[PDB]
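Protein chains in written order, with the entry's author numbering: chain A, 1 to 174; chain Y, 1 to 174; chain U, 1 to 174; chain D, 1 to 174.
No residue lacks a Cβ here, since even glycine has one placed at the ideal position from N, Cα and C.
Notes to accompany the following structure.
4 protein chains.
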Amino acid sequence: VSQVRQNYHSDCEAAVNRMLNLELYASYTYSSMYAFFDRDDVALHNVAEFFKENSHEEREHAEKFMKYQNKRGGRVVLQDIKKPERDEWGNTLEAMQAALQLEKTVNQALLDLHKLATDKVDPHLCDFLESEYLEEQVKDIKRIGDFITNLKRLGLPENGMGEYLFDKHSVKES
Amino acid sequence: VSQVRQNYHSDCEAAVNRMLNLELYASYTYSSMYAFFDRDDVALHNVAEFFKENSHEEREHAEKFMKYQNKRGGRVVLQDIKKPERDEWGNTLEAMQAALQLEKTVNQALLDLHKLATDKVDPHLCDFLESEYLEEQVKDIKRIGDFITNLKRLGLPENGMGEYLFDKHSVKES
Amino acid sequence: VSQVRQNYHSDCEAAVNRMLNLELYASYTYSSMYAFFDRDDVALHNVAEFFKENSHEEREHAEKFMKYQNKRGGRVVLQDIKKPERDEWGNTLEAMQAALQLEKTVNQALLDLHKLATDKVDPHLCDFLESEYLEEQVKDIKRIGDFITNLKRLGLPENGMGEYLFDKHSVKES
Amino acid sequence: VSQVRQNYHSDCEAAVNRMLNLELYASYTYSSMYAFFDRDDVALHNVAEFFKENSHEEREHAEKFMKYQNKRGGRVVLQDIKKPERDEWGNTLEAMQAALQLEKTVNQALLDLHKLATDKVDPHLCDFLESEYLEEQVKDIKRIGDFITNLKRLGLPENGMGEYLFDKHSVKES
Ligand SMILES: [Cl-]
Ligand SMILES: [Cl-]
Ligand SMILES: [Cl-]
Ligand SMILES: [Cl-]
Ligand SMILES: [Cl-]
Ligand SMILES: [Cl-]
Ligand SMILES: [Cl-]
Ligand SMILES: [Cl-]
Ligand SMILES: [Cl-]
Ligand SMILES: [Cl-]
Ligand SMILES: [Cl-]
Ligand SMILES: [Cl-]
Ligand SMILES: [Cl-]
Ligand SMILES: [Cl-]
Ligand SMILES: [Cl-]
Ligand SMILES: [Cl-]
Ligand SMILES: [Cl-]
Ligand SMILES: [Cl-]
Ligand SMILES: [Cl-]
Ligand SMILES: [Cl-]
Ligand SMILES: [Cl-]
Ligand SMILES: [Cl-]
Ligand SMILES: [Cl-]
Ligand SMILES: [Cl-]
Ligand SMILES: [Cl-]
Ligand SMILES: [Cl-]
Ligand SMILES: [Cl-]
Ligand SMILES: [Cl-]
Ligand SMILES: [Cl-]
Ligand SMILES: [Cl-]
Ligand SMILES: [Fe+2]
Ligand SMILES: [Fe+2]
Ligand SMILES: [Fe+2]
Ligand SMILES: [Fe+2]
Ligand SMILES: [Mg+2]
Ligand SMILES: [Mg+2]
Ligand SMILES: [Mg+2]
Ligand SMILES: [Mg+2]
Ligand SMILES: [Mg+2]
Ligand SMILES: [Mg+2]
Ligand SMILES: [Mg+2]
Ligand SMILES: [Mg+2]
Ligand SMILES: [Mg+2]
Ligand SMILES: [Mg+2]
Ligand SMILES: [Mg+2]
Ligand SMILES: [Mg+2]
Ligand SMILES: [Mg+2]
Ligand SMILES: [Mg+2]
Ligand SMILES: [Mg+2]
Ligand SMILES: [Mg+2]
Ligand SMILES: [Mg+2]
Ligand SMILES: [Mg+2]
Ligand SMILES: [Mg+2]
Ligand SMILES: [Mg+2]
Ligand SMILES: [Mg+2]
Ligand SMILES: [Mg+2]
Ligand SMILES: [Mg+2]
Ligand SMILES: [Mg+2]
Ligand SMILES: [Mg+2]
Ligand SMILES: [Mg+2]
Ligand SMILES: [Mg+2]
Ligand SMILES: [Mg+2]
Ligand SMILES: [Mg+2]
Ligand SMILES: [Mg+2]
Ligand SMILES: [Mg+2]
Ligand SMILES: [Mg+2]
Ligand SMILES: [Mg+2]
Ligand SMILES: [Mg+2]
Ligand SMILES: [Mg+2]
Ligand SMILES: [Mg+2]
Ligand SMILES: [Mg+2]
Ligand SMILES: [Mg+2]
C-alpha cells in the first residue's frame, strides 16, 4: 500500500488508468484530423489547427490523470494507444460529426467514472471530475454541435464555398 | 432557530465544531514541531519554518470553519485544544512520519464529515469540504509522502549529512 | 498522385510514417518515466520534469514528420502507439540507461531514413533530417551519456544521497 | 583560373548560369501574372500583389546565384530572358495551375543541379541548394497546391463569387 493512499478503491485506480488511455486515444484521433485537413488536397488550415489544438488539450487531460493517480497513491499503468478509426476524414462535416461522437464517448466514460467514485464514496475523485473534466466536456460538445449546425446551414457536404467560409469565419484564424 | 438557518442539521453543526477543534489541534502539533526544530541542539531552520507555516495554515482552516458555522446559522462551541502527543520529535524523519499521520487523521475526519453531510442531504457543506479542504489535504499528504521517501533515500535517521541536505534542498529557504 | 508530389519515393513516404510512429513511441516512453519519478515512493521531481519535457519534444518531432509528409504530398498513415517496454523504471540510473538506448534507437532509424533518402536521390529529405533531427539526437545522446557518467560517480544505484543530489544539481530545477 | 576557385567544376559553373536565367524567367512570368490581375477587366488586386511579390522573390533568387557564381570564382554569363508562355492568364485557377507548373519546373532544375553537384563532389554547392533553395520550393509548391484545392472548392472557373472570395480571404490583403 502507498503511504499516501487513503479512501482510494482499486477499482477507481484501474478506471483512472482506462480513462487516461481514452484521453490519449482522443488526442491521437484529433492528431489524425489535423494531418488530414493539412493535406494539399484538403487544405482547410484553420480547421486543421482547431483539431491540432484539441489534440494537445486531450494529451494534457491524460497527463492530469497521471498526476491524479500519483497524488492518490495509485499506480499509472499504460496500454497501447490505438490508432484512430479512420485514416481519412471526408470533409469538415464528417470530421466534426466524428469529433462530436468522440467527445460524447469521453463524456460517457467520465460520467461512468463519476458513478464508480460515487459508489465507492470517493468525494475527492468526484470533485476532480466535476471541477476539471465534466464542464469542459459539456462546453466542447456544445461548440461542436454549434459547428455541425452551421456546416449543415452552409450546405455541406456538397457546398464547397460553404466549407471554405466555415474555415474562414467559424474557427480561429491560425 | 437562527433566522438564516436552512437545511443545516444539528449533527452537521456539531461535527463542524469537532472538526474546528481538530484543525486547532493540528495547528498546535505543527507549532510544537516548529519549536523543536528551532532548538539549538536540533537547528534545522528550514524544516522548523515549514512546520511553522503549516501551523498557521491549520489555524486558518479552523477560522474558516468558524466563519462557515456562522454563515449557516450554527453556533461555534469551543473545547480545549489538547497539547501534542509528543514534547520532542526525534528528527526530520520521525516528525514527517507524525505529520503524515496527522494529515491523514485530519483527512479522515473531513471525509467522515462529507459522509455525514451526504447522509443529511447538505450539498452546500459537501461543496465547502470538496472546494476548500479535500484537495488541499491530498496535495499536502502527497508532499509529505514525497519528503519521507527522500529522507529515507538520504539515510535518515542515521545519516546526519542527509538530514542536513534535506533542510537545504527539499524545504523552502527561510 | 498528389499535385505537389515531386521526387518523393513511395518507400520514403512509408519510412516517414514509420519514423512518425517511433517518435510517438519515444514520447510515450518518456511519459511513463515522468509518471514513475512523480510517484510518492520515487519522488525525484526534477528528474520527472526532465522526462516530461522530453516526452513533449518527441511529440513535436512526430508532428513535424506529419507536416513534412503533407508538404511532400505523401499521406500520413498512423499505427498504434505501443506502450513502453517497462511499467516501472527502477531508479534514475536505470531510467537514463533506457533513455540512452531509446535515443540511439531513434538515431539509428533517422540514419537509416537518411540512407534511404540518399539511395532514392532525395536531397530535400536528407536536408530535413540533417537540419531538424540528426544534430538534436547527437546533442541529446551526449547529455544523457554525461548524466549516466555522473550517476555512476554519485554511486547509483546504491547511493541514495547521490541520487538525491543528481536531482538537485544535474537536471533543471522545476 | 580565378585565384579563389577551388573544387568548382566548369559544368556546375555553366549550370548555375542556366539556373540564374530560369529564375529570371520565373520572375518575368510572375510579373506578367501581376499585370494581368491588375487589369480593369480582371481586378483581383490581392491575387495581383501575390504574383508581384513572387516576381520580386524570383529576381532575388537570380541575384543570389550571381553572388554565388562570383564567390566560387565562376563567371556570370547572361542570356535573354524569354517572355512568358502566355500574354493573358484566364483566371485565378488557370494562373495558379501555371504557377504550380512553373514552381515544379524550377524545382526540377534545382534538383538536377544538385545531382550535378553531387556527381562533381561539390558539397558547398549541394549545401547552398539545400539551405537556400530546395525547402523554399517545397513550401511554395505546397502553398500553391493548397490554393488550387481551394479554388476548385470555390467552384472556379465558373463561380465568380468563389473567385472574389479567394482574393479576399486566401491571399494577403494588400
Ligand atoms: Cl485506500
Ligand atoms: Cl473514508
Ligand atoms: Cl481497494
Ligand atoms: Cl490498470
Ligand atoms: Cl478511412
Ligand atoms: Cl467515438
Ligand atoms: Cl471542467
Ligand atoms: Cl471578413
Ligand atoms: Cl435547518
Ligand atoms: Cl432541503
Ligand atoms: Cl436538525
Ligand atoms: Cl458542539
Ligand atoms: Cl515526547
Ligand atoms: Cl494523528
Ligand atoms: Cl481544497
Ligand atoms: Cl514523386
Ligand atoms: Cl529528380
Ligand atoms: Cl515511388
Ligand atoms: Cl505507411
Ligand atoms: Cl516493468
Ligand atoms: Cl530502445
Ligand atoms: Cl538537428
Ligand atoms: Cl576548381
Ligand atoms: Cl576536392
Ligand atoms: Cl572543371
Ligand atoms: Cl554559361
Ligand atoms: Cl495568351
Ligand atoms: Cl513551367
Ligand atoms: Cl530553402
Ligand atoms: Cl465573407
Ligand atoms: Fe479529454
Ligand atoms: Fe487542516
Ligand atoms: Fe525524437
Ligand atoms: Fe526561384
Ligand atoms: Mg512504503
Ligand atoms: Mg488494484
Ligand atoms: Mg478504453
Ligand atoms: Mg488495431
Ligand atoms: Mg467548474
Ligand atoms: Mg477550452
Ligand atoms: Mg475539447
Ligand atoms: Mg459558442
Ligand atoms: Mg459542390
Ligand atoms: Mg431570531
Ligand atoms: Mg444541535
Ligand atoms: Mg476531536
Ligand atoms: Mg491531556
Ligand atoms: Mg478545488
Ligand atoms: Mg498549500
Ligand atoms: Mg498543509
Ligand atoms: Mg512536489
Ligand atoms: Mg550518523
Ligand atoms: Mg488531384
Ligand atoms: Mg506508397
Ligand atoms: Mg516502428
Ligand atoms: Mg503489446
Ligand atoms: Mg545542410
Ligand atoms: Mg543544424
Ligand atoms: Mg534541446
Ligand atoms: Mg531530446
Ligand atoms: Mg552539457
Ligand atoms: Mg543505499
Ligand atoms: Mg589572376
Ligand atoms: Mg567552363
Ligand atoms: Mg533555361
Ligand atoms: Mg520567343
Ligand atoms: Mg548531403
Ligand atoms: Mg533549411
Ligand atoms: Mg517565402
Ligand atoms: Mg515562391
Ligand atoms: Mg499554408
Ligand atoms: Mg459564373
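query: Nearest to U/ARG59 by CA position, among U/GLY90, U/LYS152 and U/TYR30, is which residue?
result: U/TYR30
- prompt: Any idea which residues DSSP pairs Y/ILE144 with across the strands?
  reply: DSSP lists no partner for Y/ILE144.
task: Would you mind sorting Y/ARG72 into buried or exposed? The rule is 16 or more other CB atoms within 10 Å of its CB.
output: buried
query: Would you say A/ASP40 touches ligand 70, meaning its beta carbon is less than 8 angstroms from a heavy atom?
result: no
- request: Since I believe A/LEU129 is in contact with A/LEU113 (beta carbons under 8 angstroms), could you give me their beta-carbon distance rounded to a whole number of angstroms?
  value: 6 angstroms
task: Determine the burial state of Y/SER10: buried for a count of at least 16 other Cβ atoms within 10 Å of its Cβ, exposed for fewer.
output: exposed
query: Which residue's Cα is closest to the Cα of Y/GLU85: Y/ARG5, Y/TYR25 and Y/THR92?
result: Y/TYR25
- prompt: Buried or exposed: A/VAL16, going by 16 or more other Cβ atoms within 10 Å of its Cβ?
  reply: buried
- prompt: For the alpha helix (DSSP H) that Y/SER174 lies in, which residues bound it at each end?
  reply: Here Y/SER174 belongs to no alpha helix (DSSP H), and DSSP marks it neither H nor E.
message: Please determine whether the Cβ atom of D/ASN21 lies at a distance below 8 angstroms from any heavy atom of ligand 65.
response: yes
message: Determine whether the beta carbon atoms of Y/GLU103 and Y/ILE141 lie at a separation below 9 angstroms.
response: yes
field: Distance CB(D/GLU49)-CB(D/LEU93) smaller than 9 angstroms
entry: no
query: From the beta carbon of Y/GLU49, is the nearest beta carbon of chain A less than 9 angstroms away?
result: no
Under 8 angstroms from the C-beta of Y/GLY145: neighbouring residues of chain A: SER2, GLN3, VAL4 and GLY73
query: Y/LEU134: which of Y/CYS12, Y/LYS115 and Y/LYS120 sits nearest, CA to CA?
result: Y/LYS115
- prompt: Thinking just about the alpha-carbon of each residue, which of Y/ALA43, Y/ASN91, Y/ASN159 and Y/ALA14 is nearest to the one in Y/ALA109?
  reply: Y/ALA14
U/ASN70: contacting residues in chain A (beta-carbon distance under 8 angstroms): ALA35, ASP38, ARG39 and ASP40
task: For Y/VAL121, verify whether its CB is less than 8 angstroms away from any heavy atom of ligand 10.
output: yes
field: Own chain, CB closer than 7 angstroms to Y/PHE166, minus 5 neighbours either side, in chain order
entry: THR92, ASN150, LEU151 and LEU154
query: chain A beta carbons: is any one of them nearer than 9 angstroms to that of U/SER31?
result: yes
message: Measuring only the C-alpha atoms, how far is D/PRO157 from U/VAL77?
response: 33 angstroms
query: Residues of chain A with a CB under 7 angstroms from the CB of Y/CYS12: which are they?
result: Those do not exist, as Y/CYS12 stays about 15 angstroms from chain A at its closest Cβ, beyond 7 angstroms.
field: Alpha carbon of Y/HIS124 to alpha carbon of Y/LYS64, nearest angstrom
entry: 14 angstroms
query: With a cut-off of 9 angstroms, does the C-beta of U/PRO84 fall near any C-beta of chain A?
result: yes
message: What does the Cβ neighbour count give for D/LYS67, buried or exposed, with the cut at 16 atoms within 10 Å?
response: exposed
message: Can you pull out the residues from the region 102-116 of chain D whose beta carbon lies closer than 8 angstroms to at least one beta carbon of chain U?
response: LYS104, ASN107, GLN108, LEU111, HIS114 and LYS115
query: Do you know how far the Cα of A/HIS56 is from the Cα of Y/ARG143?
result: 28 angstroms
query: ligand 18 heavy atoms versus the CB of U/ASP11: any closer than 8 angstroms?
result: yes
query: From D/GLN6, D/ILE81, D/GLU53 and D/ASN46, pick the residue whose C-alpha is nearest to that of D/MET19; which is it?
result: D/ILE81
- prompt: With 16 other CB atoms within 10 Å as the buried threshold, where does D/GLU173 fall?
  reply: exposed
query: Nearest chain A C-beta to residue 196 of chain U closer than 9 angstroms, yes or no?
result: It is not possible to answer for residue 196 of chain U, since the shown part of chain U is limited to 1 through 174.
query: Are any of the Cβ atoms in chain U nearer than 9 angstroms to that of D/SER27?
result: no
message: On the criterion of 16 or more Cβ atoms from any shown chain inside 10 Å, does U/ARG39 qualify as buried, or is it exposed?
response: buried
message: Closer than 8 angstroms to a non-hydrogen atom of ligand 34 - does that hold for the CB of D/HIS61?
response: yes
task: Provide the residue(s) that pair with D/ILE81 in DSSP beta bridges, ordered along the chain.
output: Paired residues: none, contrary to the question.
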